[PDB]
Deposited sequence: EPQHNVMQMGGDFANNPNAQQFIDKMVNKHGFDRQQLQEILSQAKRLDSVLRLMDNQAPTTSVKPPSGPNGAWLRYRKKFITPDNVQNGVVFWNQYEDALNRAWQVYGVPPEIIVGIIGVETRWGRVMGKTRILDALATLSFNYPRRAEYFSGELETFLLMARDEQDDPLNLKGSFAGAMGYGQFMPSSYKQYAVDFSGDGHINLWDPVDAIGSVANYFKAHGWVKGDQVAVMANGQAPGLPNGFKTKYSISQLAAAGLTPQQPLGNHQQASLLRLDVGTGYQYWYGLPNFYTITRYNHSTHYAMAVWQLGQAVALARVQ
């Protein structure tokens, strides 16, 4: 019923100005009911761990990162996932131009194909970061808003959904804003479920295309030579000419590519340089990290090979 006079909620966010303004925004902008929203938020928990985690050579650095993902068990499970969802994977390739090895690599690195999807209630993580974390409160408040709208539309109970300490969800660990901007109903059931492997596959593919993935284009090409003078990383940008002058030569032809990022991997015995192409940068659009993108790519290649035999 109404309860117009029950204006103050209990719980961890009871006397929080940010939580109050947020309820006002949801009611005002999306037609949410203040009392219904207060009941939900009165159950939300302020998690210290979420706050602590958000507060964040050659020595073989890449080798250590790589072995976290590329192991016999992971490659074998990757083969099983690929075979199980081969039609969806092929359909995503045809529709979005994103190859199975990239989608398999992303879902493998993110959740080991649905095995590790997160144990934290999304509501708690998002409320905590929205109401008790000034540094990124605006970003997370936006995620919480979208999360509550997602739950309303996919008919989920907001308190039942679990995920990462930052509110990432399902097979591909999509943030609420990614669900909003990039998730698709790939299964064809009329719904968008981040926990449905077919929807997740299509959604990851759409995210990639949206971020500029070029179908059939090379991701990166290993270089012969060393370029210690030049700054490196996925954000760098050099003409092929400058890289050549630096002492590098590509192991594979670079087609019409005239520029590339200079990637450097620490392989213990030394440094391994690569010419980063646009598609490599597109992978970093999922997680801003050279190591992450290289692991996603190589895990997918490893699985593709293991499938052959």
- How would you list, in order, the spans of the deposited sequence that the model does not cover? 57-67
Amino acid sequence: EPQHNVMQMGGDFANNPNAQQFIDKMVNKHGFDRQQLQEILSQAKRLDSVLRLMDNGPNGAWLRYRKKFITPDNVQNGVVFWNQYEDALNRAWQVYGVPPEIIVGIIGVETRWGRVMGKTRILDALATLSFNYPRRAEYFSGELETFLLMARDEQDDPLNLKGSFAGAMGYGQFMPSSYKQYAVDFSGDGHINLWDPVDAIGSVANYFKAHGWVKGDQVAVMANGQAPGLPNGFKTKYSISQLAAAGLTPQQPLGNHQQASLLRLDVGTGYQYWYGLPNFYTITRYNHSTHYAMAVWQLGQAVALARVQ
From here on, numbers count along this sequence of modelled residues.
- Between 142-150 and 120-128, which has the higher average C-alpha B-factor in the PDB entry? 142-150
- Which is higher on average in the deposited entry, the C-alpha temperature factors of 187-195 or of 220-228? 220-228
- Largest Cα B-factor, entry values, listed residues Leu262, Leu277, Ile283, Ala246: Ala246
- Query: When you compare the CA B-factors of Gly108, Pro158, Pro100, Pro176 as listed in the entry, which one comes out on top?
  - Reply: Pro158
- Message: Quick check for you: using the entry's CA B-factors within this chain, is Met9 in the lowest, middle or highest third?
- Response: highest
